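> Have a look at this one before I ask anything.
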Amino acid sequence: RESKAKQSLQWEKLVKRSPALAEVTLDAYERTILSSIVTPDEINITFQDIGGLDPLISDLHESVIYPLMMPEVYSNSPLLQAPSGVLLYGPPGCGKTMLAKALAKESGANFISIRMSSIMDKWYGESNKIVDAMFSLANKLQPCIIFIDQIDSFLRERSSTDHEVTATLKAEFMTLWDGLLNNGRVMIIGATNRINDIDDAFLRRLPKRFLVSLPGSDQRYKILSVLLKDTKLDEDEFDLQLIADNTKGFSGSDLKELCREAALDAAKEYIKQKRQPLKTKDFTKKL
Amino acid sequence: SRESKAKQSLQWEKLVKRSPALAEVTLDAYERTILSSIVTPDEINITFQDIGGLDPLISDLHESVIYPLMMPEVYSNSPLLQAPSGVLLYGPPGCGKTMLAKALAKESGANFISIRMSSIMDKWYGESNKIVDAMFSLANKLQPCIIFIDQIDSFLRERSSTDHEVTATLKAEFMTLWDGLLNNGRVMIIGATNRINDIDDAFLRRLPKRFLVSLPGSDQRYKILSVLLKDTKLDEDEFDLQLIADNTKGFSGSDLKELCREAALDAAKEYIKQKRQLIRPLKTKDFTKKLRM
Amino acid sequence: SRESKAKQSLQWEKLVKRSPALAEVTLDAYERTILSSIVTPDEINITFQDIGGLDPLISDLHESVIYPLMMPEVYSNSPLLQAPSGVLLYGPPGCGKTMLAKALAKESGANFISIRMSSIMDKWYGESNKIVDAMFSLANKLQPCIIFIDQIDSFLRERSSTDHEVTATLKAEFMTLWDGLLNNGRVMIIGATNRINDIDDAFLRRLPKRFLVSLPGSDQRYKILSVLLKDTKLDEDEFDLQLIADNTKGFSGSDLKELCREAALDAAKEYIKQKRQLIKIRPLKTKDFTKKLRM
Amino acid sequence: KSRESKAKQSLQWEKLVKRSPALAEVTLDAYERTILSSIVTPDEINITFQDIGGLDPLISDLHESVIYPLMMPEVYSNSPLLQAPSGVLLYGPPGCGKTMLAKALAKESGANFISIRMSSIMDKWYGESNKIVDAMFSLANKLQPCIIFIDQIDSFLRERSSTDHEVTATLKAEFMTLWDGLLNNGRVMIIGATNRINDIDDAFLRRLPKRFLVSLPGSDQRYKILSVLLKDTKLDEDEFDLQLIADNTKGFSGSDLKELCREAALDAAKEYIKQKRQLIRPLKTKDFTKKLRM
Amino acid sequence: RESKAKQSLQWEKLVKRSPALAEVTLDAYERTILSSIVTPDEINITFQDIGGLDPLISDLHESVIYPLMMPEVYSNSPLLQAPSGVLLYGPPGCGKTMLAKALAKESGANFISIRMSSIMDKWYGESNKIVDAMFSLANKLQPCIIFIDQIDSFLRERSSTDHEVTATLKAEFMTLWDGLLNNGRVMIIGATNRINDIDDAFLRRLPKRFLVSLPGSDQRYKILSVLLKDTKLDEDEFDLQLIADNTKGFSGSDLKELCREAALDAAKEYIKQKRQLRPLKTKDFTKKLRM
Amino acid sequence: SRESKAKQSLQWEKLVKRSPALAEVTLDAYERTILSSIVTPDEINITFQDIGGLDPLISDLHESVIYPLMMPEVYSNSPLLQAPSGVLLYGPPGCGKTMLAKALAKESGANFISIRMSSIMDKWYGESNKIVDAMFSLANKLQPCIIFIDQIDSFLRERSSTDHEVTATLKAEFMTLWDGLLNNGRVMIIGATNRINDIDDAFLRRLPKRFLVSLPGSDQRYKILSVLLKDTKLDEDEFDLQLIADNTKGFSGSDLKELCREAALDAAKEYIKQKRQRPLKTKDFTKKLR
Amino acid sequence: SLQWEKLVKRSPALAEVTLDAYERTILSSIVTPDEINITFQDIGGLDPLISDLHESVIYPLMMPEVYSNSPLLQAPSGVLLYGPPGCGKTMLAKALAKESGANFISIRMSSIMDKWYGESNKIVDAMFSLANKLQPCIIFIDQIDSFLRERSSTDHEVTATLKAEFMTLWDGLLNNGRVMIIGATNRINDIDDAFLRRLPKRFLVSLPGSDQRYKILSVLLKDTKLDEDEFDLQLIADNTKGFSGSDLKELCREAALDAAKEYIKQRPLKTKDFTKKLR
Ligand SMILES: [Mg+2]
Ligand SMILES: [Mg+2]
Ligand SMILES: [Mg+2]
Ligand SMILES: [Mg+2]
Ligand SMILES: [Mg+2]
Ligand SMILES: [Mg+2]
Ligand SMILES: [Mg+2]
């Protein structure tokens with residue numbers, strides 16, 4: 001019911017986006033899996049809301065963005081195609097999933113960001129049908145990004161102690177990942193917080209690795225700059241550099257709460273007027 | 001079962017009565033079974049002023065957590081003033097972390113999902129991930145939703161090689177729905193634990209707001225004993241709450257409740273033996289008799 | 001299984017026989033599996049009169065555990081006069097913790113779920129958590145209920161990262177259903193253990209009423225010997241229970257029962273020999289008892 | 001389970017039904033069926049109570065305190081303290097005859113015998129070993145006069161510790177609960193043999209009240225053991241001096257004398273077997289003495 | 001794949017050796033035990049390759065091998081049975097595993113040369129099942145010898161500090177070795193240097209014990225003569241008795257390297273020519289000898 | 001760790017590159033994790049020509065270790081011409097045992113499994129014994145293999161009743177696979193130690209070929225100083241290496257290496273200071289010599 | 001996280017290094033210059049020792065471009081700072097950490113020790129691996145006589161195995177590039193001969209001389225309440241014969257405490273204040 005309504009709405013948006021999908025024909029499993037296709041309308045974060053990752057944004061535009069959306073520009077050599085696998089890994093909360101958000105927002109390709117419940121199925125045999133529907137829809141709807149959120153759980157360190165169904169699913173993912181690279185505008189992307197849990201064969205299956213590490217001092221400065229945008233601050237009583245060097249060892253999400261929570265205290269009296277500027281002291285008193 | 005589905009229907013009726021805007025919306029089957037974990041304020045008999053010794057923590061849990069989530073109209077002047085994505089009520093066992101959850105469920109006005117690990121785990125293949133997806137989808141549908149997972153350390157434990165495939169899959173699915181693509185609305189994932197160090201680093205990241213509900217001090221023990229001894233016969237002269245609070249060194253709130261229960265039982269055994277064969281002003285001697293100093 | 005289903009049906013029939021109000025209440029499958037651990041008073045042959053030495057402990061257990069649980073009308077004048085959320089019977093082995101549990105299952109009118117951990121733990125994923133959830137739900141349905149876990153130190157052991165996923169989530173689910181958001185009405189979890197220090201701190205705080213069933217004293221040993229030697233001829237002038245009471249230093253209650261077992265066996269060494277040749281009990285004197293322990 | 005295991009279970013159930021006709025209506029679940037492969041029928045054991053020498057006071061005490069109270073409850077049903085013990089521990093130095101007594105108990109006590117081993121109890125699956133122990137106790141209750149035997153019981157019922165595996169600690173607690181908790185077993189006795197009594201946990205030692213110390217043999221006990229081992233053998237009428245060997249084998253266990261008898265008889269048969277290999281004799285004391293150090 | 005192939009190959013070899021084994025079936029754990037079966041083809045050492053221990057070889061035949069392998073000859077008297085255990089103890093290098101190789105090859109017994117890696121498993125209760133299947137397979141291959149080299153670590157003295165899996169493993173080994181269920185012609189052979197490290201119950205489970213001690217002068221001469229088989233030696237300069245006398249305290253390993261080091265230089269002028277593209281001597285051997 | 005698996009993959013690639021016939025051999029998981037400890041050539045920057053003062057020892061090591069193992073076709077004419085089951089390089093520290101091990105790794109051509117103790121160690125029950133078993137099985141598969149144990153006195157320590165259960169089981173498993181029933185191929189276990197007496201007696205007899213890398217003499221110290229001062233511009237007339245060698249009484253090769261490091265530092269200190277703003281002589285060596 | 005962030009900040013090339021869990025627990029003990037508040041100028045009376053430590057420790061290690069004329073000019077495998085206790089070894093290590101530019105892993109015996117079997121071996125292996133991944137690294141052991149004790153047959157198997165694998169990784173096959181060991185102890189004879197060989201550069205931080213005591217005092221009470229004319233520091237240094245650096249700190253603290261007695265109640269420091277606190 002609601003899944004069918006979401007599928008129809010997503011298909012209407014894709015028809016409005018890509019005119020080449022008017023003649024595109026779909027079976028039951030593919031129609032089922034467009035509910036995982038996300039569009040840049042619901043995503044509210046573009047590439048400009050990420051701070052401290054500007055060189056990584058530059059390598060992103062060089063590797064994942066431009067070759068996928070401008071293959072004619074990157075066609076001087078046959079090996080200039082977009083990579084089959086991109087791994088946006090790093091310590092948790094450093095902005096990898098926001099990088100995926102910005103990819104969906106800015107890159108013209110679709111973002112088929114499935115969720116593991118959608119692929120996973122209780123009836124034996126049907127789960128492989130969901131995987132091949134994923135790959136076939138990704139090939140047929142040509143400009144797209146297969147985003148596999150949390151690459152660690154699926155394609156984990158394989159062993160005989162795991163389920164037979166999950167081993168067959170991993171084998172099929174490897175199988176259609178082999179044919180994934182020869183297709184032009186198709187691509188699989190994973191983003192995770194730990195790398196040791198990734199399967200070594202599947203690690204080889206992602207021949208492009210990104211380093212979303214903990215922010216540095218300059219990266220902390222940029223993160224605090226873009227996190228406090230479109231908010232009312234103060235000029236002389238407030239400074240960001242001392243704050244950035246004070247919050248050493250903090251991921252951007254830890255600064256997100258630090259930006260958020262400390263801004264309540266400076267606005268508690270401001271809220272108290274409706275409940276019934278940011279000094280440099282409010283963020284620092286939260287440390 | 002039939003009784004289960006009756007409980008799901010009754011919870012849906014209470015949710016519709018609470019928010020009339022929740023009508024004319026549909027739920028999946030998995031969302032429907034997830035709805036059986038909804039706890040409504042009539043189920044909880046614990047009030048915020050039934051918690052003693054945590055008044056600064058009660059105030060902080062109001063201003064930094066409940067008010068930004070409940071009324072975004074006044075916090076919409078700055079989009080950075082929103083509610084946290086997660087709240088952790090950690091501390092030693094005995095303090096009022098779960099009672100904080102009880103009062104927060106009763107009188108925040110937010111839809112409360114008291115999920116348990118039994119309702120999340122399913123023996124069948126891939127159902128648990130669909131259950132967690134349904135939980136987050138229902139939290140999105142009931143827009144001011146709070147999802148409480150008591151004893152959060154077991155659910156969001158550190159990922160390891162010994163972890164079951166379904167468990168690691170469940171944890172990754174929880175992370176994916178918790179933050180990132182297809183972001184939730186006014187959805188809060190509140191956890192309580194007595195072992196904070198057992199929580200995974202990514203899951204610890206997803207709980208940025210952390211409330212340390214530590215062991216009570218002497219004044220905190222006095223406040224806890226005062227709120228526990230409410231609605232009982234006190235002594236205007238012989239009772240000395242300050243002496244009991246001083247002598248109850250290293251006593252958690254549950255330890256003081258048992259001391260209050262044991263003292264009041266001995267303070268009424270003259271009455272109880274009289275009624276059973278068919279109260280009394282409580283004293284410091286009754287409390288200190290069961291107290292070992 | 002057929003035998004398990006028959007046991008569940010018989011136990012449910014006994015429960016509705018004991019409490020006629022539990023007829024409209026229905027149960028799911030997991031609660032039906034939990035029902036096979038219900039202990040009816042007819043399954044227990046041990047009364048509180050069969051426990052000696054622990055008479056102050058028995059009286060304290062009654063007035064602080066059983067009467068608040070079974071008579072809320074008497075104790076409803078104060079909100080503090082309630083049964084404990086948990087009771088722990090800890091002490092050295094053989095002193096009578098399981099004896100107290102049997103007398104509690106027989107004497108007190110509360111329905112007794114003497115759950116064993118084999119029925120709790122399941123090899124399938126998430127079944128054990130559902131089993132514990134059903135255990136607590138059935139204890140809620142049979143409103144005055146006692147959930148008994150003998151040797152509770154293994155179930156409620158100290159949590160660690162070396163714990164299995166199933167047992168960690170099982171312990172957490174037990175904590176949540178014990179003292180979490182929803183409140184159990186008149187459910188009371190009672191544990192008998194020998195290693196109290198093995199129990200987790202949160203599980204220990206969920207067992208606030210702790211009973212130390214320690215090793216018997218000389219007067220306690222005399223009381224236990226008098227209880228054990230009931231329905232026995234004994235003697236009148238030669239026998240001296242007091243002398244055995246002093247000589248049994250460090251003897252637990254089970255040590256005295258075994259001591260009484262072989263003492264009565266040697267008293268019957270002449271009578272059984274006549275009876276075995278076929279296919280009156282000789283009066284028991286403390287010469288038979290003293291010859292057993294080498295003091 | 002394995003096909004050979006299922007065949008053994010079916011054969012054991014047929015043997016138990018034939019021995020006790022009242023067990024036909026008794027039904028078992030899967031776990032009790034796996035326990036059924038540990039049943040030791042008297043035909044499996046070829047060792048008699050008269051094949052044990054030097055333990056006649058211990059054998060008599062074992063009979064009148066273990067076997068007759070369990071196997072003859074109508075004789076002892078006159079006093080509540082005349083019952084069989086809930087468990088029996090056969091302890092002592094190795095080789096003195098603990099397993100000999102257990103084999104005699106398996107053959108000619110009359111109780112159904114479950115010589116369970118720890119490999120049949122432990123399972124790599126979660127909650128399976130506890131169900132195995134529960135089924136072991138349930139099956140022992142169904143075969144009402146039953147003896148559950150655990151050889152080398154010190155490893156099974158070891159002293160509990162925080163370093164114990166959760167499966168092992170849970171297993172020990174379940175064994176304790178079924179051994180003596182609520183819903184007491186009718187006529188189930190847990191007989192155990194060990195040579196490390198101090199390794200047994202205090203609660204488990206509590207559940208084994210009838211302890212039999214099968215100690216090292218004395219001179220007369222060594223004489224009796226040597227006479228039993230040298231039975232249906234030629235020996236001698238004038239040369240052999242069994243008392244000299246009994247005195248000279250100071251500190252010898254029953255197993256040490258069996259090997260000494262084995263080595264002495266081999267030397268006595270060295271000439272005869274040499275003839276037989278290509279295609280006995282009266283044993284003398286010099287055959288035992290030449291292998292003996294004094 | 002390789003492990004299962006080894007199990008299959010050992011099973012075909014055992015069926016070829018004994019045709020009665022074709023109709024029997026094995027559990028999965030017994031099949032895992034099958035990979036440790038040692039056939040006489042693998043062993044390249046016989047009883048004639050061991051010198052100095054001719055009385056020990058004769059005793060190991062008469063009291064151990066023949067009662068196990070010829071029960072018809074020994075069945076008239078019930079005391080003439082094979083030992084439940086055999087311990088080959090002594091200082092290292094004297095020929096314990098030499099005798100074990102000769103037992104694996106010359107004696108007609110199936111040989112389970114089990115090691116510790118194939119017994120201990122990390123999963124709960126597998127190791128006990130591995131031991132149970134080892135004894136079950138030894139019973140199915142009825143005249144079996146289970147050889148545990150360096151048995152002092154396996155059957156170590158039990159302590160309260162022992163691991164729970166290790167303690168239950170040792171108890172299961174004791175039960176299947178000498179418990180209620182008698183083992184039919186199953187024999188446990190252990191070689192060790194530290195006999196006192198073995199538990200007393202395990203030591204009593206090994207009744208027949210052979211002390212493979214340091215060689216005497218005559219024993220050293222015999223070992224040197226066996227080691228120098230298929231070697232030119234000499235005719236006039238060679239004096240084996242002087243070498244045997246001057247190798248005081250030398251074990252069989254110490255002579256084997258002495259024979260090796262004396263042969264390296266003896267053929268060295270032949271090797272030096274061969275690398276680009278002789279009879280031995282007493283002085284040659286005396287060069288490495290320290291009198 | 002992904003780096004560890006990549007290191008095993010690189011070691012395997014270099015192994016099949018060195019030996020083309022090493023292609024159809026399949027490895028278990030434990031053999032694959034032992035494969036990370038392979039020390040291929042050109043991972044070692046030290047040859048036999050870089051070791052001074054050990055020419056008789058190097059020649060004896062060659063003729064008794066390398067050629068009987070690497071070239072069995074020459075030695076097949078006599079059964080006593082086999083390689084030793086083990087080799088022990090013992091002596092006081094700093095005399096060049098690990099130098100000889102590095103030269104064995106680089107120059108012999110044998111596959112070199114220089115396992116450390118942490119590779120063998122495992123917290124899980126039974127895995128360490130499986131690690132040793134797979135190490136020996138892999139050395140059998142890489143048929144002319146040399147397993148090197150640096151600081152062998154701790155791995156093969158004297159067995160005792162106070163030894164840990166896992167370590168005692170490990171040492172017994174190592175002893176069984178070293179010399180028990182199933183004979184190894186062209187597998188040699190070379191070990192270096194400072195305390196030979198700390199090695200167990202059976203582990204010592206499993207190392208029959210013992211090489212004593214003792215403290216250098218006068219001529220040995222002269223050769224060590226000459227090979228240490230190679231590609232270094234010494235003084236043409238003021239230098240006297242024999243005087244330095246005689247003055248370095250009781251000096252190991254590492255002790256001479258530090259003295260050479262000390263003497264070359266303050267010699268070029270003027271050059272280095274001028275760099276940030278040399279004819280090395282005997283007086284610089286005797287400045288740090290007493 | 002803090003230490004890894006500082007190591008990334010000091011050199012961006014360290015971000016590309018992939019690490020393991022044991023390497024992360026080693027990263028739990030890498031000491032960064034922000035925690036150190038004491039410089040090389042704080043050490044007095046050891047100017048030739050400081051210059052020798054510079055020219056033979058830090059310049060050969062941190063700037064091998066100007067030390068690449070010969071391979072003989074490389075940094076030593078280890079340095080042992082040994083002498084009378086309380087003489088300046090700890091500040092020598094701390095100032096080397098501050099003014100070296102090298103990552104100063106200061107790890108103790110307690111942090112190496114692990115509960116499970118063989119995990120300490122992997123801790124030591126990942127310590128040396130982490131020092132190898134970030135090449136200009138210094139591993140600091142404090143009181144190395146406790147850790148690198150002389151090997152004995154009575155040693156526990158865990159600690160003997162740890163010491164032997166430390167010797168293997170320190171100077172063994174696959175030699176460590178740019179990995180440096182700083183040793184501080186007061187009992188040089190308690191260290192094993194092989195470990196002592198692994199620290200071939202030795203510094204005698206002995207009891208200060210008269211001029212050394214004068215320099216230590218002059219650095220110690222710099223910018224203090226020192227007298228304009230009535231302070232005979234030479235006489236004080238002569239009186240404190242055979243006084244450790246830690247004794248001079250106690251001497252200066254004791255004299256300043258009595259000199260600030262009027263200030264506590266509310267440049268008066270003189271020779272007699274120092275004289276009354278010495279014999
Ligand atoms: Mg994410
Ligand atoms: Mg009990
Ligand atoms: Mg709680
Ligand atoms: Mg026995
Ligand atoms: Mg070395
Ligand atoms: Mg051997
Ligand atoms: Mg220091």
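Just remember, in the structure tokens the first chain shown is A, the second B, etc., residues are 1-based per chain, and ligands are 1-based in the order shown.
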Around ligand 2, which protein and nucleic acid residues have at least one atom no more than 12 Å from it, if we count only C-alpha atoms and all ligand atoms? List them as a PyMOL selection string.
(chain C and resi 89-102+148-152+191-194+213+253-254) or (chain D and resi 173-184+203-204+206-207)
> Please, which residues have at least one atom within 6 Å of an atom of ligand 4, using only C-alpha atoms and all ligand atoms, listed as a ChimeraX atom specification?
/D:98-99 /E:178-179
> Fewer than 4 positions away in the same chain doesn't count, so skip those; otherwise give me all residues within 8 Å of residue 33 (chain G), counting only C-alpha atoms, as an mmCIF file with N, CA, C and O atoms, in the first residue's frame.

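Contents of the output file around00.cif:
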```cif
data_model
loop_
_atom_site.group_PDB
_atom_site.id
_atom_site.type_symbol
_atom_site.label_atom_id
_atom_site.label_comp_id
_atom_site.auth_asym_id
_atom_site.auth_seq_id
_atom_site.Cartn_x
_atom_site.Cartn_y
_atom_site.Cartn_z
ATOM 1 N N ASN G 37 55.456 20.780 29.263
ATOM 2 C CA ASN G 37 55.564 22.206 29.533
ATOM 3 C C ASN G 37 56.994 22.634 29.830
ATOM 4 O O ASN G 37 57.216 23.776 30.246
ATOM 5 N N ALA G 97 61.421 15.173 23.740
ATOM 6 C CA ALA G 97 60.085 15.089 23.154
ATOM 7 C C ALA G 97 59.611 16.438 22.636
ATOM 8 O O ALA G 97 59.037 16.530 21.543
ATOM 9 N N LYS G 98 59.828 17.496 23.418
ATOM 10 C CA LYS G 98 59.343 18.820 23.042
ATOM 11 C C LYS G 98 60.098 19.390 21.846
ATOM 12 O O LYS G 98 59.475 19.883 20.898
#
```
> Determine, counting only C-alpha atoms, which protein, DNA and RNA residues have an atom within 12 Å of an atom of residue 258 (chain A); residues of the same chain fewer than 5 positions away are not included. Present the result as a ChimeraX atom specification.
/A:223-224,227-228,243-244,246-247,250-253,263-265,282-287 /B:64,80-81,84,208-209
> Can you tell me which residues come within 9 Å of ligand 6 when counting only C-alpha atoms and all ligand atoms, ideally as a ChimeraX atom specification?
/E:92-93,95-98,100,149-150,191-192 /F:175-181,202
> List as a list in words the protein and nucleic acid residues near residue 55 (chain B), meaning an atom at most 12 Å away when only C-alpha atoms are counted, but skip any in the same chain fewer than 2 places from it.
residues 48, 49, 50, 51, 52, 53, 57, 58, 59, 60, 61, 62, 96, 100, 213, 216, 219, 220, 223 and 224 of chain B
> What residues of the protein or nucleic acid chains come within 8 Å of ligand 5 when you use only C-alpha atoms and all ligand atoms? Reply as an MDAnalysis selection string.
(chainID F and resid 93:94 96:99 150:151 192:193) or (chainID G and resid 167:168 171:173)
> Taking only C-alpha atoms and all ligand atoms into account, which residues are within 8 Å of ligand 1, as a VMD selection string?
(chain A and resid 92 to 93 95 to 98 149 to 150 191 to 193) or (chain B and resid 175 to 176 179 to 181)
> Write the residues you've just listed into a file as a JSON list (two decimals), in the first residue's frame, and include N, CA and C atoms for each of them.

```json
[["chain", "number", "residue", "atom", "x", "y", "z"],
["A", 92, "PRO", "N", 33.97, 7.24, 13.08],
["A", 92, "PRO", "CA", 32.54, 7.57, 12.97],
["A", 92, "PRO", "C", 32.26, 9.05, 13.21],
["A", 93, "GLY", "N", 31.31, 9.57, 12.45],
["A", 93, "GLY", "CA", 30.85, 10.93, 12.63],
["A", 93, "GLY", "C", 31.71, 12.00, 12.00],
["A", 95, "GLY", "N", 31.69, 12.72, 8.67],
["A", 95, "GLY", "CA", 31.01, 13.30, 7.53],
["A", 95, "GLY", "C", 30.89, 12.43, 6.29],
["A", 96, "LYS", "N", 31.05, 11.11, 6.41],
["A", 96, "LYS", "CA", 30.97, 10.25, 5.24],
["A", 96, "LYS", "C", 29.54, 10.15, 4.71],
["A", 97, "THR", "N", 28.57, 9.98, 5.61],
["A", 97, "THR", "CA", 27.19, 9.90, 5.15],
["A", 97, "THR", "C", 26.69, 11.26, 4.68],
["A", 98, "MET", "N", 27.25, 12.35, 5.21],
["A", 98, "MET", "CA", 26.96, 13.65, 4.63],
["A", 98, "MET", "C", 27.61, 13.80, 3.26],
["A", 149, "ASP", "N", 25.03, 1.67, 2.58],
["A", 149, "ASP", "CA", 25.35, 2.28, 3.86],
["A", 149, "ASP", "C", 25.81, 1.22, 4.85],
["A", 150, "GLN", "N", 26.88, 1.53, 5.59],
["A", 150, "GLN", "CA", 27.51, 0.61, 6.53],
["A", 150, "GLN", "C", 27.96, -0.68, 5.82],
["A", 191, "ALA", "N", 29.99, 3.29, 2.62],
["A", 191, "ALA", "CA", 30.50, 4.19, 3.65],
["A", 191, "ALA", "C", 30.36, 3.51, 5.00],
["A", 192, "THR", "N", 31.44, 3.49, 5.78],
["A", 192, "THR", "CA", 31.47, 2.74, 7.03],
["A", 192, "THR", "C", 32.30, 3.48, 8.06],
["A", 193, "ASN", "N", 32.21, 3.01, 9.30],
["A", 193, "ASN", "CA", 32.99, 3.55, 10.41],
["A", 193, "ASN", "C", 34.12, 2.63, 10.85],
["B", 175, "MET", "N", 22.26, 2.10, 12.76],
["B", 175, "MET", "CA", 23.05, 3.29, 12.44],
["B", 175, "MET", "C", 22.53, 4.00, 11.20],
["B", 176, "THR", "N", 22.22, 3.23, 10.15],
["B", 176, "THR", "CA", 21.77, 3.81, 8.89],
["B", 176, "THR", "C", 20.46, 4.58, 9.07],
["B", 179, "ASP", "N", 21.16, 7.94, 11.67],
["B", 179, "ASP", "CA", 21.67, 9.16, 11.07],
["B", 179, "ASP", "C", 22.00, 8.93, 9.60],
["B", 180, "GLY", "N", 21.95, 10.02, 8.84],
["B", 180, "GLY", "CA", 22.37, 9.98, 7.45],
["B", 180, "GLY", "C", 21.27, 10.16, 6.44],
["B", 181, "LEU", "N", 21.29, 9.33, 5.40],
["B", 181, "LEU", "CA", 20.34, 9.46, 4.30],
["B", 181, "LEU", "C", 18.94, 9.09, 4.77]]
```
> Do a neighbour search on region 238-246 of chain E at 10 Å with only C-alpha atoms, toss out local chain neighbours closer than 6 positions, and write the hits as a VMD selection string.
chain E and resid 215 to 225 255 279 to 286 289 to 291
